[PDB]
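Here is the structure we will look at, set down as structure tokens.
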Amino acid sequence: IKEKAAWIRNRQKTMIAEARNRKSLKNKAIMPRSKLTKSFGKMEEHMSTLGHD
Amino acid sequence: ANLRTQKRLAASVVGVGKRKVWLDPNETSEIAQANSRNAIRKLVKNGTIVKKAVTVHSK
Amino acid sequence: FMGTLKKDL
Amino acid sequence: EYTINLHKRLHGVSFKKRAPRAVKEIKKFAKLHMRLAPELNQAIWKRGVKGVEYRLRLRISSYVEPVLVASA
Amino acid sequence: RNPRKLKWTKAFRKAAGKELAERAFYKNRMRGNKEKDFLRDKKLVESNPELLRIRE
Amino acid sequence: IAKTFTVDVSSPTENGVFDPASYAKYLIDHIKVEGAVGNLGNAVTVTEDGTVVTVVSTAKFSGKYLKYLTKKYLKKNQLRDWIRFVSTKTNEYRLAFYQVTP
Amino acid sequence: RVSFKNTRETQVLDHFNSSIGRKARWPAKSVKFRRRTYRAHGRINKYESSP
RNA sequence: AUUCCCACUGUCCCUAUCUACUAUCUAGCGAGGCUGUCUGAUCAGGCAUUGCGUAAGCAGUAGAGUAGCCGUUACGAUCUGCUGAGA
């Protein structure tokens with residue numbers, strides 16, 4: 001139990017750091033995802049990490 | 001690779017100023033051939049030239 | 001003087 | 001993967017030029033052990049010219065990336 | 001400035017039970033800390049099945 | 001008076017990246033009727049038929065709130081960057097994948 | 001179009017001797033190888049190149 | 001406008017330290033805390049010419065008060081413990 005808790009804490013801190021890195025200073029113009037296009041390799045890697053088909 | 005006129009035409013056609021237009025950095029050669037506003041409209045339709053949304057900042 | 005610290009336990 | 005202590009390297013530098021000079025510091029760093037990814041430039045300028053983090057975790061291949069860690 | 005208010009003075013540590021009025025005393029103070037850590041760890045583990053599933 | 005909201009989750013479900021039962025559970029646990037979590041006093045009813053989730057509401061409910069809840073659920077499962085909540089007709093919605101280069 | 005003194009006095013690239021810091025320099029233009037303006041007070045300041 | 005009383009002061013005894021700017025060479029040319037404000041809120045940070053010692057988080061049945069009944073939902077400043085900790 002106490003190892004899974006440490007893993008959860010580490011992953012939560014990592015996610016917070018990544019969210020802070022993505023976030024910026026004074027807000028800028030937004031580039032919507034519905035207008036940009038993402039490749040298939042990134043999607044495959046992310047879905048495999050998630051644990052889906 | 002001098003897309004100043006292309007940015008001017010995109011800003012005029014979309015009507016959102018030059019601070020809201022986004023020209024694809026990976027399509028410099030394709031945008032370089034858009035010397036007319038019809039080609040600019042075609043690029044905007046294809047998604048090569050995109051219009052940025054207003055900043056999400058509380059009033 | 002300091003005593004026992006958190007690290008030293 | 002390296003750890004650069006930029007607090008030591010940026011000591012005494014004017015607050016107006018911490019962020020630019022830090023870019024030159026990491027460029028020297030990769031020169032000592034061995035092109036900056038724009039994400040790493042964002043990491044450097046995350047708090048403007050005046051403020052740069054004491055430590056930075058890097059991945060050097062020389063192409064240098066920032067890596068996401070809970071703490072350095 | 002009242003010395004007993006500042007935590008870094010011996011007056012605070014004696015007038016608050018932190019300082020013996022030693023090692024065994026600190027063990028006496030720090031009993032049950034492991035239980036509190038275990039309980040908070042259990043709550044954290046049971047509060048996010050999805051994150052453990054991502055872990056696996 | 002009752003208003004019907006339809007969400008078509010067929011595309012993400014057929015691709016093996018969605019569980020409609022968990023989705024419906026998240027809604028029924030987070031509708032927040034009258035500002036209270038789990039105050040479903042028969043005003044809001046959620047049904048999950050396998051590929052279409054239907055929410056029938058007689059209280060204050062809007063498609064914007066449903067979109068907000070769906071996006072929150074997507075972000076919790078960190079699928080926000082691949083699935084979007086989009087509308088086809090009035091008060092008829094679906095989940096669609098973002099544009100992907102083949 | 002290059003300075004006469006620097007060319008006459010000309011590993012140097014990547015690193016008439018008044019005020020030279022201690023006296024050697026690294027003149028890049030020399031190694032690789034009429035205008036007029038007024039001022040604070042009206043005058044004719046003529047600057048000429050020395051090829 | 002002048003003169004006396006009290007208080008203050010690097011004016012001085014008696015100078016010392018820091019910041020900014022400047023000056024120099026080179027390539028070319030060439031006579032921990034607080035105020036205001038902003039990231040939706042915490043956390044963490046930016047700005048305002050340094051603007052002017054117990055961490056984050058969790059818990060207590062102790063807690064000003066907000067919010068359910070005539071023994072009892074919930075929110076909750078502050079306080080206590082993990083914690084001479086954290087950096």
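Letters A, B, ... go to the chains of the structure tokens in the order shown; residues in each chain start at 1; ligands are counted from 1 in the same order.
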
List every residue of chain G that DSSP, applied to the backbone of this structure, places in alpha helix (DSSP H), and write the result as an NGL selection string. :G and (4-9 or 28-32)

Suppose we keep C-alpha atoms; can you now write the selection as a PDB file, in the first residue's frame?
ATOM      1  CA  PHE G   4      44.036  50.562 -45.282  1.00  0.00           C
ATOM      2  CA  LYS G   5      45.761  50.472 -41.882  1.00  0.00           C
ATOM      3  CA  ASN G   6      44.083  47.240 -40.776  1.00  0.00           C
ATOM      4  CA  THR G   7      44.878  45.564 -44.102  1.00  0.00           C
ATOM      5  CA  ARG G   8      48.501  46.736 -43.954  1.00  0.00           C
ATOM      6  CA  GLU G   9      48.938  45.395 -40.419  1.00  0.00           C
ATOM      7  CA  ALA G  28      37.956  40.001 -39.688  1.00  0.00           C
ATOM      8  CA  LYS G  29      37.310  42.188 -42.737  1.00  0.00           C
ATOM      9  CA  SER G  30      41.010  42.663 -43.504  1.00  0.00           C
ATOM     10  CA  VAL G  31      41.842  38.974 -43.038  1.00  0.00           C
ATOM     11  CA  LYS G  32      38.893  37.876 -45.188  1.00  0.00           C
TER      12      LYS G  32
END

Each residue of chain E with at least one atom at most 9 Å from chain A should appear once, together with its nearest atom pair and the corresponding distance in Å (one decimal); atoms considered: only C-alpha atoms; ordering: chain, then increasing residue number; output as a Markdown table.
| residue | atom | partner | partner_atom | distance |
| --- | --- | --- | --- | --- |
| E:37 | CA | A:2 | CA | 8.1 |
| E:38 | CA | A:2 | CA | 6.5 |
| E:40 | CA | A:5 | CA | 8.5 |
| E:41 | CA | A:5 | CA | 5.1 |
| E:42 | CA | A:1 | CA | 6.2 |
| E:43 | CA | A:5 | CA | 8.8 |
| E:44 | CA | A:5 | CA | 6.0 |
| E:45 | CA | A:5 | CA | 5.7 |
| E:48 | CA | A:8 | CA | 8.7 |
| E:51 | CA | A:8 | CA | 7.1 |
| E:52 | CA | A:4 | CA | 7.4 |
| E:53 | CA | A:51 | CA | 8.6 |
| E:54 | CA | A:50 | CA | 6.1 |
| E:55 | CA | A:7 | CA | 8.2 |
| E:56 | CA | A:51 | CA | 8.8 |

Show me, as a PyMOL selection string, the residues that have an atom within 12 Å of residue 1 of chain C when counting only C-alpha atoms (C1' of nucleotides), minus same-chain residues fewer than 2 positions from it. (chain C and resi 3-5) or (chain E and resi 9-10+13+19-20+22) or (chain H and resi 84)

With N, CA, C and O atoms (P, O5', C5', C4', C3', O3' and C1' of nucleotides) retained, write the just-selected residues as a PDB file, in the first residue's frame.
ATOM      1  N   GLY C   3      19.490  17.791  20.358  1.00  0.00           N
ATOM      2  CA  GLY C   3      18.688  16.628  20.676  1.00  0.00           C
ATOM      3  C   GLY C   3      18.658  15.619  19.548  1.00  0.00           C
ATOM      4  O   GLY C   3      19.675  15.382  18.890  1.00  0.00           O
ATOM      5  N   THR C   4      17.497  15.017  19.314  1.00  0.00           N
ATOM      6  CA  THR C   4      17.314  14.058  18.234  1.00  0.00           C
ATOM      7  C   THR C   4      16.526  14.713  17.109  1.00  0.00           C
ATOM      8  O   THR C   4      15.462  15.296  17.346  1.00  0.00           O
ATOM      9  N   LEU C   5      17.050  14.621  15.893  1.00  0.00           N
ATOM     10  CA  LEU C   5      16.437  15.237  14.728  1.00  0.00           C
ATOM     11  C   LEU C   5      15.538  14.242  14.003  1.00  0.00           C
ATOM     12  O   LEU C   5      15.562  13.036  14.258  1.00  0.00           O
TER      13      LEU C   5
ATOM     14  N   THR E   9      13.854  28.915  19.692  1.00  0.00           N
ATOM     15  CA  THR E   9      14.442  29.109  21.008  1.00  0.00           C
ATOM     16  C   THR E   9      14.087  27.944  21.924  1.00  0.00           C
ATOM     17  O   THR E   9      13.040  27.309  21.776  1.00  0.00           O
ATOM     18  N   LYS E  10      14.979  27.667  22.877  1.00  0.00           N
ATOM     19  CA  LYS E  10      14.735  26.591  23.831  1.00  0.00           C
ATOM     20  C   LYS E  10      13.551  26.883  24.742  1.00  0.00           C
ATOM     21  O   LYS E  10      12.960  25.945  25.288  1.00  0.00           O
ATOM     22  N   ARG E  13      10.627  25.298  23.064  1.00  0.00           N
ATOM     23  CA  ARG E  13      10.695  23.842  23.038  1.00  0.00           C
ATOM     24  C   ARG E  13      10.493  23.240  24.422  1.00  0.00           C
ATOM     25  O   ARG E  13      10.034  22.099  24.537  1.00  0.00           O
ATOM     26  N   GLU E  19      10.876  19.645  24.249  1.00  0.00           N
ATOM     27  CA  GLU E  19      12.155  19.382  24.891  1.00  0.00           C
ATOM     28  C   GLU E  19      11.935  18.723  26.245  1.00  0.00           C
ATOM     29  O   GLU E  19      11.022  19.094  26.987  1.00  0.00           O
ATOM     30  N   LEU E  20      12.776  17.737  26.556  1.00  0.00           N
ATOM     31  CA  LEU E  20      12.698  17.062  27.844  1.00  0.00           C
ATOM     32  C   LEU E  20      13.026  18.035  28.968  1.00  0.00           C
ATOM     33  O   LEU E  20      13.998  18.793  28.888  1.00  0.00           O
ATOM     34  N   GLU E  22      16.120  11.661  26.389  1.00  0.00           N
ATOM     35  CA  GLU E  22      16.044  12.560  25.244  1.00  0.00           C
ATOM     36  C   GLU E  22      15.682  11.786  23.980  1.00  0.00           C
ATOM     37  O   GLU E  22      14.666  12.064  23.343  1.00  0.00           O
TER      38      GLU E  22
ATOM     39  P     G H  84       9.703  19.705  15.894  1.00  0.00           P
ATOM     40  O5'   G H  84      10.944  20.647  15.560  1.00  0.00           O
ATOM     41  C5'   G H  84      12.099  20.122  14.923  1.00  0.00           C
ATOM     42  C4'   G H  84      12.864  21.185  14.174  1.00  0.00           C
ATOM     43  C3'   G H  84      14.291  20.829  13.780  1.00  0.00           C
ATOM     44  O3'   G H  84      14.357  20.093  12.569  1.00  0.00           O
ATOM     45  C1'   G H  84      14.211  23.025  14.707  1.00  0.00           C
TER      46        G H  84
END

Within 8 Å of segment 43-52 of chain B, counting only C-alpha atoms (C1' of nucleotides), which residues show up once you throw out same-chain ones fewer than 6 positions away? Write them as a ChimeraX atom specification, please. /A:29-32,35-36 /B:10,14,16,20-24,27,31

Enumerate, in order of chain and increasing residue number, the residues of chain B with an atom no farther than 12 Å from chain H, each with its shortest atom pair and distance in Å to one decimal, counting only C-alpha atoms (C1' of nucleotides), as a Markdown table.
| residue | atom | partner | partner_atom | distance |
| --- | --- | --- | --- | --- |
| B:56 | CA | H:40 | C1' | 10.1 |
| B:57 | CA | H:40 | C1' | 9.3 |
| B:58 | CA | H:40 | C1' | 8.4 |
| B:59 | CA | H:40 | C1' | 11.8 |

Taking the backbone alone, and naming residues the way the document does, which bits of chain D are strand (DSSP E or B) by DSSP, as an MDAnalysis selection string? chainID D and resid 2:5 36 47 51 55:60 64:66

Mind writing the picked residues with N, CA and C atoms as a short mmCIF file (atom, residue, chain, number, x, y, z; two decimals), in the first residue's frame?
data_model
loop_
_atom_site.label_atom_id
_atom_site.label_comp_id
_atom_site.auth_asym_id
_atom_site.auth_seq_id
_atom_site.Cartn_x
_atom_site.Cartn_y
_atom_site.Cartn_z
N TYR D 2 21.70 14.86 -17.45
CA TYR D 2 22.59 15.60 -16.57
C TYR D 2 21.78 16.50 -15.65
N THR D 3 22.43 16.95 -14.58
CA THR D 3 21.90 17.98 -13.70
C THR D 3 22.85 19.16 -13.72
N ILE D 4 22.35 20.32 -14.13
CA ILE D 4 23.14 21.55 -14.17
C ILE D 4 22.69 22.45 -13.03
N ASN D 5 23.64 22.83 -12.18
CA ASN D 5 23.38 23.74 -11.07
C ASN D 5 23.60 25.16 -11.58
N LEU D 36 19.46 23.88 -29.07
CA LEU D 36 18.53 23.78 -27.95
C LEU D 36 17.12 23.56 -28.47
N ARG D 47 10.23 32.06 -16.31
CA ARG D 47 10.01 33.15 -15.36
C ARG D 47 10.69 34.45 -15.80
N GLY D 51 14.36 35.73 -13.56
CA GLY D 51 14.39 34.49 -12.81
C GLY D 51 14.59 33.18 -13.55
N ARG D 55 18.46 24.67 -10.29
CA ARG D 55 18.90 23.44 -10.94
C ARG D 55 18.01 23.13 -12.13
N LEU D 56 18.60 22.52 -13.15
CA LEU D 56 17.87 22.06 -14.32
C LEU D 56 18.31 20.64 -14.68
N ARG D 57 17.34 19.80 -15.03
CA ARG D 57 17.60 18.44 -15.46
C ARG D 57 17.51 18.38 -16.98
N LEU D 58 18.56 17.86 -17.62
CA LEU D 58 18.70 17.91 -19.06
C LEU D 58 18.89 16.50 -19.61
N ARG D 59 18.57 16.35 -20.90
CA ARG D 59 18.89 15.15 -21.66
C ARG D 59 19.66 15.58 -22.89
N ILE D 60 20.92 15.15 -22.99
CA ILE D 60 21.82 15.59 -24.06
C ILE D 60 22.15 14.40 -24.94
N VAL D 64 19.74 19.03 -26.93
CA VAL D 64 19.47 19.08 -25.50
C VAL D 64 17.98 19.30 -25.30
N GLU D 65 17.36 18.44 -24.49
CA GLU D 65 15.95 18.51 -24.14
C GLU D 65 15.80 18.72 -22.64
N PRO D 66 14.69 19.30 -22.20
CA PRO D 66 14.33 19.23 -20.78
C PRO D 66 13.48 17.99 -20.51
#

Counting only C-alpha atoms (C1' of nucleotides), a student should be able to say which residues of chain H come within 8 Å of chain G; what is the right answer, written as a list in words? residues 25, 27, 30 and 31 of chain H

Written file, previous selection with C-alpha atoms (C1' of nucleotides), as a PDB file, in the first residue's frame:
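Done, and the output landed in again_10.pdb:
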ATOM      1  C1'   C H  25      38.349  45.988 -24.526  1.00  0.00           C
ATOM      2  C1'   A H  27      34.043  43.035 -34.821  1.00  0.00           C
ATOM      3  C1'   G H  30      34.644  56.636 -38.557  1.00  0.00           C
ATOM      4  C1'   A H  31      35.765  62.901 -37.768  1.00  0.00           C
TER       5        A H  31
END

Work out how far apart atom CA of residue 16 of chain D and atom CA of residue 48 of chain D are and give it in Å to one decimal.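 Those two atoms sit 9.1 Å apart.
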
Mind checking which residues fall within 10 Å of residue 20 of chain A, counting only C-alpha atoms (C1' of nucleotides), ignoring those fewer than 4 positions away in the same chain, and posting them as a ChimeraX atom specification? /A:14-16,24 /D:46 /H:44-45

Taking only C-alpha atoms (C1' of nucleotides) into account, find every residue of chain A that has an atom no more than 8 Å from chain H, and write it out as a PyMOL selection string. chain A and resi 25-27

Kindly provide the residues of chain F that approach chain A to within 8 Å, each paired with its closest atom pair and their distance in Å to one decimal, based on only C-alpha atoms, listed by chain and increasing number, as a tab-separated table.
residue	atom	partner	partner_atom	distance
F:15	CA	A:53	CA	7.2
F:16	CA	A:53	CA	5.6
F:17	CA	A:52	CA	5.7
F:81	CA	A:33	CA	7.8
F:82	CA	A:43	CA	7.8
F:98	CA	A:34	CA	6.5
F:99	CA	A:37	CA	5.4
F:100	CA	A:38	CA	5.2
F:101	CA	A:39	CA	4.8
F:102	CA	A:40	CA	6.2

Go ahead and save the picked residues with C-alpha atoms, as a JSON list (two decimals), in the first residue's frame.
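For reference, again20.json as written:
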[["chain", "number", "residue", "atom", "x", "y", "z"],
["F", 15, "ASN", "CA", -12.27, 1.74, -30.97],
["F", 16, "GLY", "CA", -11.83, 0.27, -27.48],
["F", 17, "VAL", "CA", -11.02, 3.54, -25.70],
["F", 81, "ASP", "CA", -6.61, 15.49, -26.48],
["F", 82, "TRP", "CA", -8.13, 12.78, -28.71],
["F", 98, "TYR", "CA", -9.68, 14.65, -33.54],
["F", 99, "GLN", "CA", -8.09, 14.87, -36.97],
["F", 100, "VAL", "CA", -5.26, 12.34, -37.34],
["F", 101, "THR", "CA", -2.69, 12.11, -40.11],
["F", 102, "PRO", "CA", -2.76, 8.49, -41.43]]

Counting only C-alpha atoms (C1' of nucleotides), what is within 9 Å of residue 35 of chain B, bar same-chain residues fewer than 3 positions away, as an MDAnalysis selection string? chainID B and resid 5:6 9 31:32 38:40

Those same residues - C-alpha atoms - I'd like them written as a CSV table (one decimal), in the first residue's frame.
chain,number,residue,atom,x,y,z
B,5,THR,CA,2.4,39.5,-48.3
B,6,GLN,CA,0.8,36.2,-47.5
B,9,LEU,CA,-3.6,38.9,-47.3
B,31,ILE,CA,2.1,29.3,-48.9
B,32,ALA,CA,4.8,31.0,-51.0
B,38,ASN,CA,-8.4,33.2,-53.8
B,39,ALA,CA,-5.3,31.1,-53.0
B,40,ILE,CA,-5.2,32.5,-49.5

Skip segment 23-25 of chain D itself and residues of its chain fewer than 4 positions away, then list as an MDAnalysis selection string all residues within 8 Å of it, counting only C-alpha atoms (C1' of nucleotides). chainID D and resid 9 19 29 41 44

Distance-based interface of chain H with chain E, 8 Å, counting only C-alpha atoms (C1' of nucleotides), as a ChimeraX atom specification: /H:53-54,58,82,84

Selection export as a PDB file, in the first residue's frame, atoms kept: C-alpha atoms (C1' of nucleotides):
ATOM      1  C1'   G H  53      12.607  30.388  10.970  1.00  0.00           C
ATOM      2  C1'   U H  54       8.387  25.501  11.232  1.00  0.00           C
ATOM      3  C1'   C H  58      -3.613  15.549   5.713  1.00  0.00           C
ATOM      4  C1'   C H  82       3.012  15.138  11.684  1.00  0.00           C
ATOM      5  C1'   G H  84      14.211  23.025  14.707  1.00  0.00           C
TER       6        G H  84
END
